[PDB]
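Let me begin by presenting the structure, written as structure tokens, before commenting on it.
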Amino acid sequence: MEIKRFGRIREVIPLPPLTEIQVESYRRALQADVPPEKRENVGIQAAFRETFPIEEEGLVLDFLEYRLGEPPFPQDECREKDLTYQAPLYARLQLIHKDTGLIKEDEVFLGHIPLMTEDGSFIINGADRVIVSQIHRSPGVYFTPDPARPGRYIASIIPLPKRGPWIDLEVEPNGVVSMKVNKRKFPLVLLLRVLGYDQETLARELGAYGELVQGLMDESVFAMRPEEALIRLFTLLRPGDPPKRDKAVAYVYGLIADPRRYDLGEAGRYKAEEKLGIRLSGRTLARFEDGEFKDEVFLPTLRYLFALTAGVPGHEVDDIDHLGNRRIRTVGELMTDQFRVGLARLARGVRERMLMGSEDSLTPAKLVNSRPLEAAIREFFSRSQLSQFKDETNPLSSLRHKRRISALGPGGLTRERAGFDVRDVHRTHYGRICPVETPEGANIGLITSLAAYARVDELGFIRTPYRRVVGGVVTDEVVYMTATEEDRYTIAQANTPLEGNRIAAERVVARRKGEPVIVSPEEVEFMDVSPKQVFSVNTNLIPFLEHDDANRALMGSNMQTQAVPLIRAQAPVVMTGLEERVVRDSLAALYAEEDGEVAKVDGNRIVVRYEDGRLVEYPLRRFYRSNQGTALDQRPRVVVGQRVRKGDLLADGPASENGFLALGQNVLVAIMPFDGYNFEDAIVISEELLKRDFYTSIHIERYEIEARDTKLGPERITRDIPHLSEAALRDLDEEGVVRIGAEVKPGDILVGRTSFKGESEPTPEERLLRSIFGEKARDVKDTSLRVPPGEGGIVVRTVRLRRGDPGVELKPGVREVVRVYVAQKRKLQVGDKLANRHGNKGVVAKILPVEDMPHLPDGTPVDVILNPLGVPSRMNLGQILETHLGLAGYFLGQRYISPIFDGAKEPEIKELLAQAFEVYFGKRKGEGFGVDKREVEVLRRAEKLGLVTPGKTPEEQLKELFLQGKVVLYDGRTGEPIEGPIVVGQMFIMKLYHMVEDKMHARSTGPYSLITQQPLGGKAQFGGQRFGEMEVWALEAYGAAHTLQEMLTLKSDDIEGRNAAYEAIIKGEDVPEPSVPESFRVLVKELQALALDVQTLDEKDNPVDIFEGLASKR
Amino acid sequence: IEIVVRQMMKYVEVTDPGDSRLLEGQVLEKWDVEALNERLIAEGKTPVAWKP
Amino acid sequence: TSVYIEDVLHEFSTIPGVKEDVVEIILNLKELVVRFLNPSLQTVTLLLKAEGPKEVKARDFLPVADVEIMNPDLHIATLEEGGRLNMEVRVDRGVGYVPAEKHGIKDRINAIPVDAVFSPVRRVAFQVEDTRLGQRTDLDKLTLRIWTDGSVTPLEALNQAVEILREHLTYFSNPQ
Amino acid sequence: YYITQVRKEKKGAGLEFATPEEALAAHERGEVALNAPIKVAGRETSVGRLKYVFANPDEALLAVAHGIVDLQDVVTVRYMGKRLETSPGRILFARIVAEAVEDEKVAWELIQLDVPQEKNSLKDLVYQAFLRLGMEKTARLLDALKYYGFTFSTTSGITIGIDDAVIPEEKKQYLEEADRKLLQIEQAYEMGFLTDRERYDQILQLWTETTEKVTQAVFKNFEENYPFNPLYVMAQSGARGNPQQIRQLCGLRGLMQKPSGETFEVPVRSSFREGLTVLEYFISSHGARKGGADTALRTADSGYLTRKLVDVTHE
Amino acid sequence: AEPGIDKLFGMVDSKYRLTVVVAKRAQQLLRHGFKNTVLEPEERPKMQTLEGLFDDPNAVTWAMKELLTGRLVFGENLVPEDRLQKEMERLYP
DNA sequence: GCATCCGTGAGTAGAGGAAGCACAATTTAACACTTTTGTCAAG
DNA sequence: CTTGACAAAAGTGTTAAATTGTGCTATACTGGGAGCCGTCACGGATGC
Ligand SMILES: [Mg+2]
Ligand SMILES: [Mg+2]
Ligand SMILES: [Mg+2]
């Protein structure tokens, strides 16, 4: 099956590594392999040098270097034993006695740092997790207008999150310039005096504006000494505390000048220098030295504010949603932030220990307690909003998870308090953030995806590539630039016609600061690389995207993440060209390292002898269970003695076919209504799909149980369970565990367990019963593990962990734990959900035998019938064009690649359909068959519909219908043709994760809640359905008083009523009258706890007791 | 819509207490004050003056 | 209908020395075409013993009387040196499509039931042409095209279908 | 709808004759069509009404089974003592209602026979039957309507292809006219006659008018040349779609709004059939996101109103 | 649609009174084991079983059919409630 | 006329989720012994 | 139905050992520590 490629645009660079946002950021933070003397002041190395040295204020503790050790356990062992994949951390510290001059050095153990796997994830307590990148406002200096009063501006200084307070500079109506700090507004001159600024200094530079400088010229504080001004400022900041200079300088220096408390950031310092046109020595607002404060940023910020208000041409306001003002915090920065938090706590315990207890006899190891540091790191990797359970339904699911961008999390926005403006598609999103891939609902615009060609720079700003255009010719030089840098040029579109490298069009479509213009070739300065750089990886997998509405393209890209792997999965007939790279970068398949020869091929491992002579053996993951329950295994694709080149495929991974992404099947589709089984998105399929094992997938479930120590005695896992027949114990081995290979059904025992009965004398009726049969009560009871309703399959694995085993950390009191893995093979059934890449989805409602399906004149039946009424109002025409191209490939036996916005057009599709008709109809004529009597009838109507040309021969009119994608179709039930030609072709359809097998649930009675005594919720708990307020309104509008009362009392929490109702039904009686609900009794008691006397009365205002006299004091 | 609006016009405000214990500016239901007024007329007392 | 492989407990496993897993091997066994030469025969069991290295085809099954394999070149498994395959395959006679969950046939403890597709007919189509006889001009010409797997000839299948339709037409005889 | 809509032909369409034999004779020669409107002596008829005259509904439907006529051909049928001029499919619709309610005479008063059955006409039929017959008989008519509607849509041949989105010939002519008028607005702006604001408002008015003309050209083409087009039939019957969504498929997309609320000067001049450009696709995404945020952020405002209403009126 | 629902709605002034009459009649039939019915043997509702035709076990179905025959009397303050059950129990032990 | 304070924002489903020590009071367990309570054999 | 038995299961002091509750310590020491703005936006009621 050959592959045909469309398109004209030639890409000069390939896609970057698709997981480099995760992988490269975490390597920079750790610097694990860089020698200690060559390490740069980034990552955790920068955190060590910030907290150290620690001084008592004559003892000093200093930091020299660190190193990372080998992990204790491998990745697969951590998954099986529920461990964390980590590495020990060691620090090399020295203690110096200032009074004496004696030094001691030793290496102290600091704890464990989690390690990232090769694909870019973590193993935390045995589970795979992903750290999601966070977007937030960049630090710096910003100028925005005053919303209340026109012509006025506000200057803001923003540090890194939790690294200082915000500073506001505003010109008050009275003319006084004010500075607001921590919800408190005070005149700026008071602080501006502390920085040693006199009346002669201020008016020299800012006096060239007019009336604004007069508001900074108060003589009440101008003569005041900076020390007096310092104390006065302290009183305003925190009134009530005693004014002392020692306390005063501590507060002012620690608010704007302490590097350990205020941090502008590398990005913030870079932004401040670019805007104000200054150069900063540090990352603080002011610099304290020689016993005085010196200004660094306050003066240049004030000059910009005054000049902006005056109206100088060169000063403009800032757009806060501009992508040059928003930056990304990746996993390395997020981890390092918590590392610095926990390190500051460690230094706080060092200080309290070095001034109390054996001061003369100290060692560095005795001072350092690393418990605070380990708790900070453990908390981040377990209970952070950005640390999420990994999505691995298919290899594409995990790739998308690693490129998501979230505005939520600690230091971010909130879902409820986010407005419209922060959710919009900004013009700078072009080439950096995908405009279509986002969740619908409360998270729309707050979670997004990185563009396919984008990359995050060292300061956290997203850049996109462009090609340099000089003198009308396009060069291959590629420049990555940010949004702020991009605004200065005229950028042409990627589809601009070229004659080699020369621009051929006279009029060129271009962007200037985000808006379309028409320009001459001599005005162009840059060019787009490809149309693929505007969208994300998921959106780039949808062919004919230019013919689909964006609201339905959002559904198509999202649902590709939910497709489950199939045992006979195949690659789509029509592809875009990203299917190979997705499989390669997901690390799910196996490739050869260099040239060699295959020596051994097996279902478990492959051995390759490379041309240098060395043998490398590759084990294969087989029948592994993912986080979502889908089976992940690798199948070999080579034979013994086969020569391979570097990068050749060795074994396919899940949902791949010869190295291409394979999320479904290619089926024959007819577009027509069918007897109402297609009604409102429902789908009809053929029984022939089941016969050849299409849409068949494998799922694995895990079950667990524990044996504990109790006061009454230990629980025992055993085969000898009381009161059980041999039919129940048939599949258990001698240890009480089900044998491997057994078939289990609901109610079957998996692991047998007994527990010691609690001390309780029996009821009198039971005592007489035991006397009659002469049976002695046992001391243990059945507590074994059984299959839940609606589940089952084949037992494929057992795991047994015991106390004392190496690496096993069981909780106190737990003796052993047993785990059982059960696998089932699922075929397509009524109630299962199907979808295509253009957003068309629906559940299977009918399965028909093969002789019932519509069929071609040569006897071939179709596989799927889709309703044409779902197309017009959704405006997703891409599925129609995919069907037309799939019809040509069905007869020609070829597949196609059509890139988005540069691909297959109708004249090319119609030229392929003309070749396919010559084999679809020319074959018939050679075999000795003409035109059917039934086809002549359909042709007669077809020219009354204006579909064919009158006067042509039947063969010529059948070809006219084929070029429109339509054929004559016969009815399987009657043998007569459909009255009009029907669109028939080949389409790629996926089977989604949502199956009716996992969702059907029912309940009669079961567990109840503790306090309210109402039924529990959830299928996993065997809970009932919530009958909420709006449901109660519907029953009231119907006038169904007795039906409403049953749900309120007899079926939720009337304890006496629900017991009597059950006993009446099993006796063949009608249910009795209900009584007071229990939750009303709770409300009365809770109101009495609030010292409120609530009483129920009768017609005569006499009290009525609703507690049966159980709560009345005699 | 007319059922909802009828509930929106359910209250009145006292402007003249008359021969009653009500207070000027007190808000009460229109049904109650009309029943109170027709009782006062039977016993020959000055009625209450209210405002919608 | 059912397969048993020595040293294999279920179908979600692998065999040392064998490239394919049990699921793939069973998918290959659903393509085997077996012809019974005796109308009274209802069930047979085919035995296979192989040692690698070799590609085992359908012709490696041991000969059985009144049983013929119609596609001897069907690939089954690939054996590497050190690999062994010792299996028993049960072939039944029936009609229609029967999932493995409905029959659940196992000859021994570790056997694996297989979904059965009993139909020997692969594809059917019929043509209607316009013929004439003297003055009459609107007459029909009928052609039937039948594709089978070889165990039953198209002429044999046509005769059996005509008898099924004739038998059903006798049900309209006695009004109760 | 598909069985109660009649056919129209254009071959004869205006020819005049003297006797019905002359009109019939021209039909076999191929000069006129079965449903083309002609004039026999003074009235307007067709060949089908003169050629096929049926004595009862059974005879007309037996002729359909033999393929003599279609359900959309207008013929002469005798029914309930009157000589009607309708199609067999409209007679078939009348029998569906008559048997469902088991009263031929009352069912004859409930229906409009001379129009295709659309969403509104079918809704009127249900309400009148509820008034005259009650719930039990109305529920039986609903199931009969459901049964026959599904049966006839399966065998009629309704499908969607790329060529069913027919491009009118007037779109090219309209887009050329707008280019000249737009180029004239720019000419007077350089002369100082108009400012920036009124030049902005005039460009929007030109594109608002052009979009409306394309919308009418799309539907005029369907009702004149493709009256059985799948898109046209779906919208006219009320099954699916409105003219605004049809224009985007067959005509042009139109003007788009910026995130601030302003509208881009250049519209999107391509339909979904031709395919948008990359820049056009990006421009359109601003409004798709805005619509999605309105749905999510304002369902709470509506549901909060409902709870207020319930708690003020529940007594 | 329930059989004869249009005629049932026309026998009462309020639609909720019909539900009250039906529900109380069905309780009477259940309590006396269907021995107090006003239906003739050829009018009794039936259900089809693998073993043959038997009496309909649904008491609500019986009550609706009885009410269509015109042999039941309903109203308010017809008889003392204690005296009603005593006589009905004596007639149908 | 305005500054300050306070309560409100749709439904169902899922699926993960850092002191010692000495010494007095008090409670509990061990161990016998006395008394009560069934069985057995008569009878 | 009542006697004589007969060991056994249960009840009753007695006491040593775990277990728990409480007071005490003498160089001189004398006012905390974490926060830290897309600070949510709008209506109603109260107090100046
Ligand atoms: Mg969602
Ligand atoms: Mg077969
Ligand atoms: Mg005639």
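Order of listing sets the numbers, starting from 1, for every ligand and every atom in it. All chains are named by letter (A, B, ...) in the order of the sequence lines, taking the proteins before the strands, and each is independently numbered beginning at 1. Note that these values count all heavy atoms, side chains included, but never hydrogens, waters or copies made by symmetry.
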Subject >> Short side-chain donor-acceptor distance under 3.5 Å, A/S686 and A/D863 >> reply: no
Subject >> Of all pairs that satisfy ring pair (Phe, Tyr, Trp, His ring centres under 6.0 Å), the ones with a partner from residues 34-89 of chain D, not counting sequence neighbours >> reply: D/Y79-D/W108
Original post:
Are side-chain heavy atoms of A/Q665 and A/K991 found at a separation under 4.5 Å?
Top reply: no
Original post:
Does any pair with a residue in residues 438-448 of chain A pass salt bridge (charged side-chain N to carboxylate O under 4.0 Å, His left out), and if so which ones, sequence neighbours excluded?
Top reply: none
Original post:
Just how far is it from atom CG of A/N840 to atom CD1 of A/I683, taken to the nearest 0.5 Å?
Top reply: 6.5 Å
Original post:
What pairs with D/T45 under side-chain hydrogen bond (donor to acceptor under 3.5 Å, both in side chains), at least two apart in sequence or on another chain?
Top reply: none
**OP:** Would you list the protein N, O or S atoms within less than 2.8 Å of the Mg ion (ligand 3), leaving out water?
**Re:** D/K51 O
